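Participant: First the structure, which I've put down as structure tokens, then a few questions once you've had a look.
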Amino acid sequence: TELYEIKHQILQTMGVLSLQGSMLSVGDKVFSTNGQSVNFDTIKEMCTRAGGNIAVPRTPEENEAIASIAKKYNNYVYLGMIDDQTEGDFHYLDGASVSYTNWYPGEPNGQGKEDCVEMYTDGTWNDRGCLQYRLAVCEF
Amino acid sequence: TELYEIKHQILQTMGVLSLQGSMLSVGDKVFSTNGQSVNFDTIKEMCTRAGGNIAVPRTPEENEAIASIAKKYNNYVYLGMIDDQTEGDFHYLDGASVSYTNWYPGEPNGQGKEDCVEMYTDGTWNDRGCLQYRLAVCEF
Amino acid sequence: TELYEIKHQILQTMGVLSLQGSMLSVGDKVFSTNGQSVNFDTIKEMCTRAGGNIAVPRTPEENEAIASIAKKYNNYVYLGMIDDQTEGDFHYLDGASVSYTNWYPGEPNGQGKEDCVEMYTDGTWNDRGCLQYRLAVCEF
Ligand SMILES: [Ca+2]
Ligand SMILES: [Ca+2]
Ligand SMILES: [Ca+2]
Ligand SMILES: [Ca+2]
Ligand SMILES: [Ca+2]
Ligand SMILES: [Ca+2]
Ligand SMILES: [Cl-]
Ligand SMILES: [Cl-]
Ligand SMILES: [Cl-]
């Protein structure tokens, strides 16, 4: 009965955090923002410090969840993808090539100097430099 | 030692949420509000979306907990009871007849068109229509 | 697989709370404040009500964590130590003699009527009366 209780209590705490607007759950992932806007490198640091990672959508469902955060907070969001070494070749921060995409029409159109990806409030993507201030969204 | 640790960490997270004023614990139940006022149907949706249910007190202790939220937020609260099909016969949303009551004197006095229950800041109840804006309180 | 899941979900909720700025984790301890300032006795009550205790640093790492809260909230903080019965002899609230100290130069200089300990925003300590208003920081 220790284990049933443990699960119930976890469900309660997650429920509270969800109600408060502090987390969104999509499958195995939890997304969260504290509402702050900073550049891409600072978002990475902020998420890592919290024990998570800069958010990236790998499915339509995850894109929709992150989009809803962009919408609720009315700001563009940096995503956990880059095209550093290879150009036009976006990779997650774990090194793996991106699969799911949701590019805004015409994108990625980027310079060799647009190594980051931002999400617009409508959930679509634009390759961009990494020094803009964007909503910090993390995944856990 | 995995299990002891797990319990400690749950206690910590619940402690934090409690300190922050984001949850109240009464026996097996956790109550929470995000401070928003909406109608009865929208409260149900909001609580369900968070993984919970619109709050209802089934004991004096639960009434007191929900009352304290009504007081802290200075608003009347819709409770998880209705008298839809039967009239004067209040039921929880699980279909079961209500046991514990805390009616304000003279109540329920309601029209066939007072199918919901609201709680006043003093913890007492009034049957009411369901289209008023009331503090959203959920249970998990 | 129930147990792995349970651990992941706990890590997620702690991550969210950390991101939100609602908790700091140092070893086995979690520190949190709701931002309120009250006297020493009221802090004890507030922390106990949440299921925790008034915070006290017992290591350099814990002092630094509590200092960062003092800094972020720009207020002095009461710590969980007193010199009630014995004078000049500080004890934790569990009765045990204090080990780690971080006194500001000249302190403790206190009257027999400075039975509490406050922390300055720079992390150093001053013995003080207990009736001042200080930032409430709890440990769990
Ligand atoms: Ca590029
Ligand atoms: Ca572009
Ligand atoms: Ca009625
Ligand atoms: Ca009535
Ligand atoms: Ca003294
Ligand atoms: Ca002093
Ligand atoms: Cl840029
Ligand atoms: Cl109405
Ligand atoms: Cl004083």
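Rundown of residues vs (1) buried (at least 19 other Cβ atoms within 10 Å of the Cβ); (2) assigned to a helix (DSSP H, G or I); (3) in contact (Cβ under 8 Å) with a residue 40 or more places away in the chain; (4) more than 14 Å from chain A (Cβ to nearest Cβ), yes/no style:
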| position | (1), (2), (3), (4) |
| --- | --- |
| B:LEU3 | no, yes, no, no |
| B:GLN9 | yes, yes, no, no |
| B:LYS71 | no, yes, yes, yes |
| B:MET81 | yes, no, no, yes |
| B:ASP94 | no, no, no, yes |
| B:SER99 | no, no, yes, yes |
| B:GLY106 | no, no, no, yes |
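Participant: Out of all the residues in region B:12-26, is one or more more than 14 Å from chain C (Cβ to nearest Cβ), out of contact with any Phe, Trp or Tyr (no Cβ under 7 Å at 6 or more places or on another chain) and either surrounded by 22 or more Cβ atoms within 10 Å (Cβ to Cβ) or more than 25 Å from B:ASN75 (Cβ to Cβ) (or both)? Quick ask: steps written out before the conclusion?
Facilitator: Start the filter on region B:12-26 by keeping residues that are more than 14 Å from chain C (Cβ to nearest Cβ), which leaves none.
The answer is no, given that none of the residues of region B:12-26 is more than 14 Å from chain C (Cβ to nearest Cβ), out of contact with any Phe, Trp or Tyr (no Cβ under 7 Å at 6 or more places or on another chain) and either surrounded by 22 or more Cβ atoms within 10 Å (Cβ to Cβ) or more than 25 Å from B:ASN75 (Cβ to Cβ) (or both).
Participant: Restricting to region B:36-57, what's the tally of residues that are of a type outside the set (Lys, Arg) and either over 14 Å from the mean Cα position of the chain (by Cα) or within 9 Å of chain A (Cβ to nearest Cβ) (or both)?
Facilitator: So the answer is 5.
Participant: Can you report the number of residues in region A:126-140 which are surrounded by fewer than 18 Cβ atoms within 10 Å (Cβ to Cβ) and in contact (Cβ under 8 Å) with a residue 40 or more places away in the chain?
Facilitator: Here is the first cut: in region A:126-140, the residues surrounded by fewer than 18 Cβ atoms within 10 Å (Cβ to Cβ) are A:129, A:131-133.
In the following step, the residues that additionally are in contact (Cβ under 8 Å) with a residue 40 or more places away in the chain were identified as A:131-133.
Residues in region A:126-140 being surrounded by fewer than 18 Cβ atoms within 10 Å (Cβ to Cβ) and in contact (Cβ under 8 Å) with a residue 40 or more places away in the chain: 3 in total.
Participant: Go through (1) touching a residue at least 60 places away in the same chain (Cβ under 8 Å); (2) within 11 Å of ligand 5 (Cβ to nearest atom); (3) of a type in the set (A, V, I, L, M, F, W, C) one by one and return the number of the condition C:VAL117 breaks.
Facilitator: Against the list (1) touching a residue at least 60 places away in the same chain (Cβ under 8 Å); (2) within 11 Å of ligand 5 (Cβ to nearest atom); (3) of a type in the set (A, V, I, L, M, F, W, C), C:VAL117 comes up short only on (1).
Participant: Can I ask one more? With the condition kept exactly as written, say whether any residue in region B:126-140 is within 14 Å of chain A (Cβ to nearest Cβ), away from ligand 3 (no atom under 11 Å from the Cβ) and part of a loop (DSSP other than H, G, I, E, B).
Facilitator: Let us first name the residues in region B:126-140 that are within 14 Å of chain A (Cβ to nearest Cβ), namely B:135-140.
Retained after the next criterion (residues that are away from ligand 3 (no atom under 11 Å from the Cβ)): B:135-140.
After this cut, where a residue has to be part of a loop (DSSP other than H, G, I, E, B) as well, the list is B:140.
Among the residues of region B:126-140, at least one is within 14 Å of chain A (Cβ to nearest Cβ), away from ligand 3 (no atom under 11 Å from the Cβ) and part of a loop (DSSP other than H, G, I, E, B), which makes the answer yes.
Participant: Can you spot a residue in region B:41-56 that is exposed (fewer than 14 other Cβ atoms within 10 Å of the Cβ), within 16 Å of ligand 8 (Cβ to nearest atom) and in a helix (DSSP H, G or I)?
Facilitator: yes
Participant: Follow-up question, since we're still on this one. Among what's in region B:108-121 and is more than 8 Å from ligand 4 (Cβ to nearest atom) and of a type in the set (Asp, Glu), pick the residue that is farthest from the other protein chains (Cβ to nearest Cβ).
Facilitator: B:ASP115
Participant: Checking C:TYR76 against (1) exposed (fewer than 14 other Cβ atoms within 10 Å of the Cβ); (2) more than 21 Å from A:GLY52 (Cβ to Cβ), which single condition isn't satisfied?
Facilitator: (1)
Participant: Can I ask one more? So, in region B:11-55, of the ones that are among the acidic types (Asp, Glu) and without any contact (Cβ under 8 Å) to a residue 60 or more places away in the chain, which residue ends up farthest from C:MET23 (Cα to Cα)? Steps first, answer last, please.
Facilitator: Of region B:11-55, the ones among the acidic types (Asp, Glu) are B:28, B:41, B:45.
Restricting the remaining residues to those that are without any contact (Cβ under 8 Å) to a residue 60 or more places away in the chain gives B:28, B:45.
On the way: B:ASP28: 24, B:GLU45: 30 Å.
Checked region B:11-55; the qualifying residue farthest from C:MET23 (Cα to Cα) is B:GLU45.
Participant: Is it fair to say B:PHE90 is away from ligand 3 (no atom under 16 Å from the Cβ), closer than 30 Å to A:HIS8 by Cα and either in contact (Cβ under 8 Å) with a residue 24 or more places away in the chain or touching a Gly at 6+ places or on another chain (Cβ under 7 Å) (or both)?
Facilitator: No: the conditions fail for B:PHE90.
Participant: Looking only at region C:90-140, filter to residues that are within 20 Å of C:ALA67 (Cα to Cα) and of a type in the set (D, E, K, R); which one of those is farthest from ligand 9 (Cβ to nearest atom)?
Facilitator: Only one residue fits best here, namely C:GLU139.
Participant: Out of the residues in region A:112-125 meeting the condition of being buried (at least 19 other Cβ atoms within 10 Å of the Cβ) and within 14 Å of the chain's Cα centre (by Cα), tell me which one is farthest from ligand 7 (Cβ to nearest atom).
Facilitator: Of everything passing the filter in region A:112-125, A:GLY123 is farthest from ligand 7 (Cβ to nearest atom).
Please note: Cβ atoms are built from the backbone with ideal geometry, for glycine as well, and neighbour counts cover all protein chains shown. Quick note: the coordinates plus some simple rules give every number you see, no bench work behind them.
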